[PDB]
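any chance you could fold what I've pasted below:
(one chain, ligands or ions: 3)
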Amino acid sequence: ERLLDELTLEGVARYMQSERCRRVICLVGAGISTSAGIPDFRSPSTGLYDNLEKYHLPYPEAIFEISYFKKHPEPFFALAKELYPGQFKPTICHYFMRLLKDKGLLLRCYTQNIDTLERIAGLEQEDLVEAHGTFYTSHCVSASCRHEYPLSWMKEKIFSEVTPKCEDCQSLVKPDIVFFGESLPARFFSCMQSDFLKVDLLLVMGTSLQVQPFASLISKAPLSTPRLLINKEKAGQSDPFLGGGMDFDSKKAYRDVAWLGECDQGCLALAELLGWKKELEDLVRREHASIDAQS
Ligand SMILES: Cc1cc(C)nc(SCC(=O)Nc2ncc(Cc3cccc4ccccc34)s2)n1
Ligand SMILES: [Cl-]
Ligand SMILES: [Zn+2]
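Residues are numbered from 1 along each chain as shown. Ligands and ions are numbered 1, 2, ... in the order given. Here you go, the structure:
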């Protein structure tokens, strides 16, 4: 009775092009941006926080915490300068999502990433749930002010090593990323409650589904909704020690498919099956050319 004729990428592609699949939700994480030269910011093994000792922190995790930021914002802003990407070129995976949008198939992209590449690739605010926030906008932290500043303004402050202060009230201005101690945006919960009633396919790309509540999203899909993981490692299965998890491989598997490899290569393989490879190549090459040519 299952919706996929077989538990393979080919089965997913046939399902996507059938009349049964009209609304796709993408859940994406750091694995979709590594080929753009942006390392994973939740990983202690990616060499982003190896030299925090210059910042003289009371403990290493203080730099992620909101109360420490509001008291001592300088370490965060110096780290932001050190980690600021040298270019923002979205990957094949980002542009595959733009094609889903262009084809009328994209219900929503939920991202754990803060790098803004989804927006550069042409996903609009309405299409996006930035579950961990984003650098795309920043706000004055004073509750009576909340003046919004664009990334161009925040970048200038970061690179000139001037602690960003609100022009209206002189309070700190903070990028709209979710620090430890802050709540996830209300938009995440609002959109989840509606979108998961409407989803025909979950495309899970570049996330190991380990950080909550973003990981628990997969259990919100209807039981029939196929779920395709494109990721370097299998993820989302039930923990044998702790315990709607992914079932790729048992005799009871019926809807979950794992494609294990680089996110770009998986999206390229899917686009090829769909007949979209030329469209995707042309889109990526033209957008990359435009980005390379920024003068
Ligand atoms: C600086 C910058 C600007 C843009 C547009 N894009 C990027 S992507 C590269 C990168 O990994 N950056 C990073 N900046 C800060 C990082 C750690 C961090 C520390 C404290 C709180 C966090 C709260 C939430 C999330 C992270 C937080 S990682 N980075
Ligand atoms: Cl993760
Ligand atoms: Zn202000």
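
every contact and neighbour count from this point should use C-alpha atoms.
Noted.

residue 107 - that's part of a helix, no?
No: assessed with DSSP: H, G, I helix; E, B strand; the rest coil, residue 107 is strand; it does not lie in a helix.

give me the domain ranges for this protein.
Structural domains assigned to the chain are 1-34+91-131+186-295, 35-90+132-185, following CATH domains of a matching chain.

need the winner for burial among those.
Among these, domain 1-34+91-131+186-295 has the highest mean neighbour count (mean count of other C-alpha atoms under 10 Å), at a mean of 18.

ramachandran coordinates for residue 20?
Comment: the main-chain dihedrals of residue 20 come out as phi -80, psi -20, following degrees, to the nearest 10.

I figured it hits residue 198, correct?
No: under the criterion of C-alpha atoms under 8 Å, residue 20 makes no contact with residue 198, lying 12.0 Å away.

and the residue of the stretch 151-295 of the chain that's closest to ligand 1?
Closest approach between the stretch 151-295 of the chain and ligand 1, counting by C-alpha to the nearest ligand atom: residue 179, at 3.9 Å.

so who does whichever residue of the stretch 51-200 of the chain sits closest to ligand 2 touch?
Sorted by distance to ligand 2 under C-alpha to the ion, the residues of the stretch 51-200 of the chain start with residue 112, at 8.2 Å. Neighbouring residues of residue 112 by C-alpha atoms under 8 Å, 6 or more residues apart in numbering: 28-30, 130-133, 214.

with residue 83 instead?
Applying C-alpha under 8 Å, 6+ apart, one finds that residue 83 lies in contact with residue 48.

thinking again about what came up before, any chance of the contacts of residue 112 in a markdown table, plus secondary structure and distance to ligand 2?
Supplementary listing: the contacts of residue 112 in a markdown table, determined by DSSP: H, G, I helix; E, B strand; the rest coil; distance: C-alpha to the ion, whole Å:
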| residue | secondary structure | distance to ligand 2 |
| --- | --- | --- |
| 28 | strand | 9 |
| 29 | coil | 7 |
| 30 | helix | 8 |
| 130 | strand | 14 |
| 131 | coil | 12 |
| 132 | coil | 12 |
| 133 | strand | 15 |
| 214 | coil | 8 |
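
could the domains of the chain be laid out in TSV, adding distance to ligand 3?
Below are those laid out as TSV (distance: least, C-alpha to the ion, whole Å):
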stretch	distance to ligand 3
domain 1-34+91-131+186-295	22
domain 35-90+132-185	4
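
between the contacts of residue 112, which is closest to residue 8?
Nearest to residue 8 out of the contacts of residue 112 is residue 28 (C-alpha to C-alpha; 19.9 Å).

what bridges to that closest one?
Beta-bridge pairing of residue 28 under DSSP bridges involves residue 111, residue 205.

go through this structure and flag its longest helix.
Secondary structure assigned by DSSP state H gives helix 277-292 as the longest helix of the chain.

can I get that helix in CSV? Just the C-alpha atoms.
Taking Å, rounded to 0.1, in the frame of the first residue of the first chain, the C-alpha atoms of helix 277-292 are listed here in CSV:
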residue,chain,number,x,y,z
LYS,A,277,20.1,18.1,-14.8
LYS,A,278,20.5,20.7,-17.6
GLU,A,279,18.2,23.1,-15.8
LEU,A,280,20.3,22.7,-12.6
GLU,A,281,23.6,23.0,-14.3
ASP,A,282,22.5,26.1,-16.1
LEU,A,283,21.1,27.7,-13.0
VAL,A,284,24.2,27.0,-10.8
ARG,A,285,26.7,28.1,-13.5
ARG,A,286,24.9,31.4,-14.1
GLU,A,287,24.4,32.2,-10.4
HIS,A,288,28.0,31.2,-9.6
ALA,A,289,29.2,33.4,-12.4
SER,A,290,27.1,36.3,-11.2
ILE,A,291,28.5,35.9,-7.6
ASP,A,292,32.1,35.6,-8.9
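
how about residues contacting it?
Outside of helix 277-292, the residues that reach it under the criterion C-alpha under 8 Å, 6+ apart are 88-92, 95-96, 99, 121, 268, 271.

run the chain-centre distance for it.
Its chain's average C-alpha position is 21 Å from that of helix 277-292, according to C-alpha atoms, centre = their mean, to the nearest Å.
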